[PDB]
Amino acid sequence: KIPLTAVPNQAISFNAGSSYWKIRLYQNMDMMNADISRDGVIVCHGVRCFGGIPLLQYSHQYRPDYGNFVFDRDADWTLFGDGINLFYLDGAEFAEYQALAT
Amino acid sequence: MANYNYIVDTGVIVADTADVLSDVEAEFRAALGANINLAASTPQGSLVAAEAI
Amino acid sequence: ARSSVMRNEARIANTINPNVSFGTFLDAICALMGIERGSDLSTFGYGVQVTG
Amino acid sequence: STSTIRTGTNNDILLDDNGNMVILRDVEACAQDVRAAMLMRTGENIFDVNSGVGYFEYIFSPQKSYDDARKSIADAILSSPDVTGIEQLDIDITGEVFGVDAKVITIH
Amino acid sequence: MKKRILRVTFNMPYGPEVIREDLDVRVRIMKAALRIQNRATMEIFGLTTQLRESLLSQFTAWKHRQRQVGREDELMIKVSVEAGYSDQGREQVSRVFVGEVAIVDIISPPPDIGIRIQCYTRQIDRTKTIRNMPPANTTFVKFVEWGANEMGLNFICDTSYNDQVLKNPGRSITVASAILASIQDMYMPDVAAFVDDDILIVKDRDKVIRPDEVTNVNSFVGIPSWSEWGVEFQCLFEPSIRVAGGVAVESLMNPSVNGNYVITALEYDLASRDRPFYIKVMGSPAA
Amino acid sequence: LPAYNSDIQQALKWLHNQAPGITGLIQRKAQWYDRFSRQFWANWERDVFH
Amino acid sequence: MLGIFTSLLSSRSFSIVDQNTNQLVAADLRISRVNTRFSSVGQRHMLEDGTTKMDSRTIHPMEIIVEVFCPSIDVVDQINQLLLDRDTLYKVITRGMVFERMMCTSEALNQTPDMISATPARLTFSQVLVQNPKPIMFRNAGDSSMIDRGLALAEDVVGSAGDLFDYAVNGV
Amino acid sequence: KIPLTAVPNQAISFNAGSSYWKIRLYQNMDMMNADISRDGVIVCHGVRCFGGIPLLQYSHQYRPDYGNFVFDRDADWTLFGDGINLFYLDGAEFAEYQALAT
Amino acid sequence: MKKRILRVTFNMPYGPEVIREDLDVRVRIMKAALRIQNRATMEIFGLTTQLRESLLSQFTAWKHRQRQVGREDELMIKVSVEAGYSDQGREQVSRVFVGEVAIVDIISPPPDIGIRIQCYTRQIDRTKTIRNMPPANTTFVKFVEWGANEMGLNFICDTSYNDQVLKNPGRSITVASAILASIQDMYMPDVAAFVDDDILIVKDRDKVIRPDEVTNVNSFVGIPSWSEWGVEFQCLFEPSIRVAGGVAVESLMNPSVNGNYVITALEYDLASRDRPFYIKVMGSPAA
Amino acid sequence: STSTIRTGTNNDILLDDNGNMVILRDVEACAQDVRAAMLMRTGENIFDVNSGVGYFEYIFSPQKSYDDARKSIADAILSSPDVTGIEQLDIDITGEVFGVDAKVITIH
């Protein structure tokens, strides 16, 4: 998981899956939005945050062998830590889940 | 959910009452809402106590 | 969930047949039979030794 | 901040006409919680002894000071998850009845 | 009125035993970019008989259960220190130190019994040996990778010396602790190798490890001044400050020293019932 | 030597005196656990009687 | 002091309660003064622009000072015993205020020509400061948590292997 | 003998008989119970408390050359330190104890 | 009301000069089980012109009469310290230190002129040389015996290493002082060799030299506590406490640390007109 | 937390109809202990000198003040295993007798 707090615009950085990550979550109009950085270099910008579908859409981003992040529901900064969670999945688990998605 | 496999190859493991009570409180929090009132006065508190006992 | 789990744990503890048991089976053995084989190491006696 | 299930005049679950257990939001939940907390009587919470109001050794019994009962009631009013402080207590004691009055201050 | 938060954890065999901020706890932490391992001294007051029995008897420093099923925790216990603030019930805690207890004492007599403790980072290696043969003829980065695997640490390396061939680099290391001295010895003083928390960091002197995480600093408790090596100042507890990270400095008393600096050494003076709650920083110009 | 009660009804208390719902709920829970956790072992012991 | 409205006539102003046994000690004490003191210190940090910030506040134990008169000799012995006691905690009920976890620190008697039959005295109490002032208790001894007593030295008292058998199984 | 105290749940450790033991005593409904650990590896869970009946039952536990433990009388935590003790017998003493027992 | 006795004896060429307890004398003594010699710092106040001239002029540290008929006293003088109690005129004095003056100073200016002195045990050997050839092939015990005869001290040796043959043990020893370093070097750390008072003691780490002279200690000024090597406490002046001797410890606040311990290091803080009159003890578990 | 063997109004072992020497439990064991302690006399206890009541030097001898008797009796009431503190000592000396009354506090 990702320890999160109820703030309209926040950022998180941690070491996950033998690599360094930096997630910046901000409110944009209605939907939540995130910006993902790995090891100091950007990956993707302004990813719309939704339930279930992963934040990284593209193969050359989420893994040759790395992982991914998934929300269980549509995010809401007034609910974080309270019934809404973000989970990080390693390569094998996310490959299994992606195959199950079909 | 919060079930424990306390029967193992070496025998049976019994937990202290604080741990069981905390597990039951977590289960009820996940059931209802992360800010519920769980004390001796409220009915849900009595249900929690019954479950723990 | 809770009622299912307590019933399952009761059924697990209930069945203690020698062909079903595990680890606590040592007691079913000690009811009649000699207990398992203690681990042991073989010693050497009278190994020659020559020096000053 | 807190929430609890509605209870009737008796300490029983009260269900609406459609039959749904209603989860009270703030303010009202505070009122019911304080009302219930004042009615514990001591030594009756299993897993937490020494909580409640000592009716049978501080109020009903013949006392000397009656300050201990006041402190016990003030404690019982507090310890609710939302209560901040208590504005007033009265302790009337007029005749045979034992009046208690309070006005509680809450965050929300 | 925000309150300070300070927790100290012990990974005892039965589980964790956490000393909260409610007691009298004083801690001094010293960190640097060197081979000499970090140190933390703790002052703890008011421990009762039960907790004195639980904690003080496990810092034995002798050896027992000689069969030695496993290693790491079966020798000496680990301590973790996390400090932060708390406002309106909202927390902003952060970790600052990981280590193992080495030295025990008793400071204050009754009626208030207080103890002093010395902890060092990665002290488990001073007993563990080397069981994987070092590479014979290889480049710098592969030597660093082998060392990281042997100690068991996630590592990062970024040096101009990444393509330099070494002959017989580590054929004379007795235990797992002299690997760091080996790594630092070859290319002093430009190449700095140090172990921070659970990460081995090898880098050139004047390179910021994370170029995009520069912490802008504009509120000073200790007036910034020229430090004969760069700059040196002091602030309240800022969770963002790390070792080898960057800082952007803007001053009011001394506007001539504004610029980018790379952090070399750090200090921590954290107390739960005393005045000091500080961080001292020394920096070098950012190349 | 100290007693051990382990009854589901110590959760019930003297607020719930004129409450039929919660008292019934706790009583039914208690008798379910009695049926499927104590009489079970009684019958099991009687069938272990050779 | 307002608040309670008793309608009881003969009430009690000041009383020291033995918190273990709910017992009154030195109940025959005429009282001349009662003083209550609180104390705290706030740690301030001196900033750069010219301001000054405070981060947190620390609270020390309160102190209660009472001046009494002892009309007899039994009261003097009771006061001395109250001072010398080392293992119990006392609850103090002042005119309208109830404090707990108090424990005496000093006494000071006088012997002057102004007072002959009775000796003026001064006493001082100090609160024992303990975190989590409201404990949590279990009615069942079987619900209590685990204590360690880690790493004792073990002791060897002389006794044969046959002695333990002849005392344990045989009975002797 | 082993140093004990009158608490319904405790776990003392010691270095006796050229090995490192950790024992645990706790009241369970009617009788006591025990958990025994050696060298950091669990041995048994919930072995009961009887006077004269040794705690370790099975050969893969009590010794190739180790010792064993026995209560003089059926222990209760109220009497610990007063008439109720726990004794440790090394390999030769335990072997002769077992020989004489039957 | 017992009074304290603190006597410092000086061996002038004409005879002994004794500074009694009536003056202002402060002394700190440090003793341990090591090759490094013991130390004592002395504070002496109120010395008059005659006594200053008599004593301070003999601490020369140069050499006089190079012919050197004899040795020992013709280089440096010897100082002996004995401390105890007196009750009802009945004394219990005991000697605690023997050494020679090394360093001189002046501490306090007039009106009260006070001096500081540094003494070391067996410092006479740092000048004396070796004139008896050490044995070539021999056991440990005979090497120890030769060393004891050479220095001129009564010796006791009790080790498990008494029947081990050494080849060329001391063929590179310049003066008489390095004999002890040689003796300690071979079987460090299990074998501890130290010189106490005028006795050479070589032994295993955890053996009590006198098994039947165990001192039962049950009254501590300094509350006993664990010290990651054994136990450590503090008491008033007890003449029975020595180095390598045993102690039986019974506590009240800390009854979990009762047992038998072997004494490792000691410190003395004895004053005739100040509060400190103490002894600090560090112990190790008995074997 | 104490015990003793019951004795009569003369300090002998008192045996029931069954003849059983009985181990009296607390309180009345304390009463018997204090009665025996106050009657023990000074200079009779071997291995413990200066223990007892100085009747022949403080009460029976001609004395000025009579606080010494109170101090000695209070000390002898103390030194018992169970006594906590002494509530009242009166010392009447009315008539030819030397009236002594005492009330003690124990843990139980």
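So that you can tell them apart, the chains are marked A, B, C, D, E, F, G, H, I and J in the order they are listed, and the count of residues begins at 1 in each.
Throughout what follows, a contact is a pair of C-beta atoms (placed from the backbone, for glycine too) under 8 Å apart; a residue touches a chain by one contact, two chains touch by 3 or more.
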item: Any chain in contact with chain B as well as chain H; value: C, F, G
item: Chains contacting each of chain C and chain H, listed by label; value: B, F
item: Chain pair showing more contacts of the two, G-I and E-H; value: E-H
item: Copy-to-copy rotation for chain D and chain J - C-alpha atoms, rounded to a multiple of 5°; value: 60
item: Whole-Å gap between the CA centroids of chain C and chain D; value: 57
item: Length of the line joining the C-alpha centres of chain A and chain C, rounded to whole Å; value: 48
item: For chain B paired with chain F, centre-to-centre distance based on mean C-alpha positions, whole Å; value: 17
item: Numbers and ranges of chain H residues touching at least 2 other chains; value: 3, 8-9, 11, 15, 26-29
item: Chain C residues counted as touching two or more neighbouring chains; value: none
item: Two or more partner chains touched - positions in chain I; value: 256
item: Partner chain F, residues of chain C touching it in the complex; value: 3, 6-7, 10, 14
item: In the complex, chain F residues that touch chain G; value: 2-5
item: Residue ranges of chain H touching chain G (in the complex, touch as defined); value: 1-3, 5, 7-16, 24, 26-29, 51-52, 70-73, 87-89, 93-94, 96-97, 100-101
item: Touching residues on chain B, where the partner in the complex is chain H; value: 8, 10-14, 16
item: Contact footprint of chain F on chain B as seen in their complex; value: 40-41, 43, 46-47, 49-50, 53
